[PDB]
Amino acid sequence: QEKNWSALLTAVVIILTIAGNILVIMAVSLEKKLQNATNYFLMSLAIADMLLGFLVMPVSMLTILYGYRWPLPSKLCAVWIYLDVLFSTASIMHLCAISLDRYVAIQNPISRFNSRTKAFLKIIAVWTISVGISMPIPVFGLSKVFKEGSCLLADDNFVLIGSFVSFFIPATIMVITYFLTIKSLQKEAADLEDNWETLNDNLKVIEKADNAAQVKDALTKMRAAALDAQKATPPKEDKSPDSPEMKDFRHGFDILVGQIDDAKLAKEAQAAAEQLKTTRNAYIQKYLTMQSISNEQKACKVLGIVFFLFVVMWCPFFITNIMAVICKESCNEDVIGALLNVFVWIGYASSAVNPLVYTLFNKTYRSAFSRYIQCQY
Ligand SMILES: CC(C)CCC[C@@H](C)[C@H]1CC[C@H]2[C@@H]3CC=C4C[C@@H](O)CC[C@]4(C)[C@H]3CC[C@]12C
Ligand SMILES: CC(C)CCC[C@@H](C)[C@H]1CC[C@H]2[C@@H]3CC=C4C[C@@H](O)CC[C@]4(C)[C@H]3CC[C@]12C
Ligand SMILES: CCN(CC)C(=O)[C@@H]1C=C2c3cccc4[nH]cc(c34)C[C@H]2N(C)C1
Ligand SMILES: CCCCCCCC/C=C\CCCCCCCC(=O)O
């Protein structure tokens, strides 16, 4: 009938998340360019989301196909449901521990005791938080996990409480922190970017000024604006090999400022002491900070459009899940179950959306997937 087009639509969704997600795990592992804590999470997230594709998602087709009668042994219906919420709790935990992590960095300035396993240590808490949450599925699992001979999370309380714990507080939390980070990190840009205007403009005046005292009043602020940038160079956590080069860059290019301040003592060589238009060093810190701003504005676009698609697709299922129990007396739960049947597969296809966002908006992801698709290393 009409269902003949949508019959296998689930299988497209099982095929995309079991594969296209899988490459994301491959790509982050194989290519050294994508070795970042915020692209580390995505790999872990991708496992949660992939694991859901090859474990939970197959049985939902078997059950949808059987008429929703439970086909398997009754003792294993409290397990398929367990993985499903675990992974789905794990999946949103990864997404919300990407904004709690990335909001943290703009609030708190900085030494890294643990280095590049700041993520792997974080990640384990993301998973072990979600395994903690899902202990109750098998704790009471073996009853209240069957309704009219279908495998269905029928515990009224877990349905209600566990919709917030694994959806509305994680997703609320991330929405809040995603937008505070954007506004905050939009602001840092303007503050840092307006310094190089000050540095260049104030250096224009020193260049074309014939009063020694004018240069003194003019070049005084060059130290200030350079320092403000120095304080404000972005976290992007803070790696051990890159921040020293900025320290040397800031310090080494501060010498030009500081030295030219003396030559205060006195204008013959003041004009030419601050000629950091001759020095290679000064030119790099523009490029290699101004790139670093644009590599955070791109990541925020992807994360916004990954957060948003994940919230907007799981939200139907959870809103009517609660409705199944918050409107127990008045709703028609042949209809709510019908609606619930289909809002999980709206939601189950947020597990495929991630890799497509990456290829669409990350040139590094795009190139590797085809190379993995074509089997090139
Ligand atoms: C059975 C319980 C633990 C529920 C979770 C399922 C299992 C399979 C979980 C437990 C801990 C998880 C791992 C924790 C550590 C890492 C390293 C990290 O950089 C990426 C994900 C990865 C590789 C996870 C993969 C999935 C994983 C092994
Ligand atoms: C996409 C998102 C916003 C979906 C929101 C779904 C929630 C708010 C709504 C949408 C569909 C709704 C159900 C639609 C139809 C019925 C049948 C009726 O006899 C009882 C109410 C009941 C069961 C509604 C309960 C509330 C409900 C579950
Ligand atoms: C149609 C019947 N099925 C299929 C197993 C469900 O109701 C599953 C149970 C859900 C569920 C209940 C209660 C709390 C929760 N947290 C996270 C989920 C969750 C995920 C959610 N999965 C997607 C489907
Ligand atoms: C659903 C069809 C699967 C097609 C796979 C496409 C690319 C082929 C890659 C291998 C699939 C399984 C990967 C397991 C080893 C991953 C390698 C690694 O990440 O270190």
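Residues numbered from 1 in each chain as written, not as in the entry; some residues may be left out. Chains lettered and ligands numbered in written order. Heavy atoms only, no water. Residues with missing side-chain atoms left out of burial classes, pairs and counts.

- X-ray crystallography is the method the PDB entry states for this structure, with the resolution given as 3.40 Å.

Points about the UniProt feature "transmembrane region" in the protein chain
Phase 1: Mapped onto the present numbering, the UniProt feature "transmembrane region" falls at residues 10–26, 41–66, 76–100, 119–142, 157–182, 301–326 and 335–360.
Phase 2: A helix fraction of 100% and a strand fraction of 0% characterise residues 10–26, whose end C-alpha atoms lie 24 Å from each other. (UniProt positions renumbered as here; feature names shortened; annotations may be inferred. Helix = DSSP H or I, 4+ residues; strand = E, 2+ residues; numbered from the N terminus.)

Some words on the domain arrangement of the protein chain
When the parts of a complex come together, some accessible area is lost, and that lost area is often used as the size of the interface.
Phase 1: Once the domains are mapped, the protein chain shows domain 1 (3–184 + 316–373) and domain 2 (187–289).
Phase 2: Taken over C-alpha atoms, the centre of domain 1 sits 48 Å from the centre of domain 2.
Phase 3: With eight residues of domain 1 at the contact, the number on the domain 2 side is five residues.
Phase 4: Among the secondary structure elements, those contributing two or more residues to the side of domain 1 that touches domain 2 are α5 (99–107) and α8 (156–207).
Phase 5: It is α8 that contributes the most residues to the side of domain 1 that touches domain 2, three residues altogether.
Phase 6: The residue makeup of the side of domain 1 that touches domain 2, split by class, is two nonpolar, two polar and four charged. (Domains from an automatic or database assignment. Contact = heavy atoms within 4.5 Å. Nonpolar A, V, L, I, M, F, W, Y, C, P; charged D, E, K, R; others polar.)

A look at the state of the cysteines
Phase 1: Across the disulfide from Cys77 sits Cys151; the S-S distance is 1.8 Å. Judged by the torsion about the S-S bond (95 degrees), the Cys77/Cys151 disulfide is right-handed.
Phase 2: Shown here is the disulfide that connects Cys327 with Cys331, its sulfur atoms set 2.0 Å apart. Measuring the twist about the S-S bond at about 115 degrees, one finds the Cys327-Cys331 disulfide to be right-handed.
Phase 3: Numbered by order of appearance in the sequence, the disulfide-linked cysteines of the protein chain pair as 1-2, 3-4.
Phase 4: Note on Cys96: no disulfide assigned, nearest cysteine sulfur contributed by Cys300 at a separation of 14 Å. (Disulfide = S-S within 2.5 Å.)

Here's the deal with the pattern of salt bridges
Phase 1: Here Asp101 ties to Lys122 by a salt bridge, and the two come within 3.5 Å at their closest N and O atoms.
Phase 2: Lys122 is the salt-bridge partner of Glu237, the closest N and O atoms lying 3.5 Å from each other.
Phase 3: Through salt bridges that share partners, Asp101, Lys122 and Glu237 make up one connected network. (Salt bridge = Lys/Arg side-chain N within 4 Å of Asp/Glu carboxyl O.)

Section: unusual backbone geometry
Phase 1: Of note in this structure, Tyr68 is not a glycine but carries a positive phi near 80 degrees.
Phase 2: Looking at the secondary structure, you find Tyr68 in the loop between α3 (37–66) and α4 (77–96).

Describing the packing of α5 against α8
Phase 1: Where α5 meets α8, the closest approach of the two axes is 9 Å, and the angle between their N-to-C directions is 35 degrees. The handedness of the crossing between α5 and α8 comes out as left-handed. Contacts between α5 and α8 involve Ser99, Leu100, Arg102, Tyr103 and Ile106 on the former and, on the latter, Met174, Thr177, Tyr178, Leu180, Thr181 and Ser184.
Phase 2: Residue composition of the contact of α5 with α8, by class: six nonpolar, four polar and one charged. (Axes fitted to C-alpha atoms, helices over the stretch in contact; angles between N-to-C directions. Left-handed = near helix turned anticlockwise from the far one by under 90°.)

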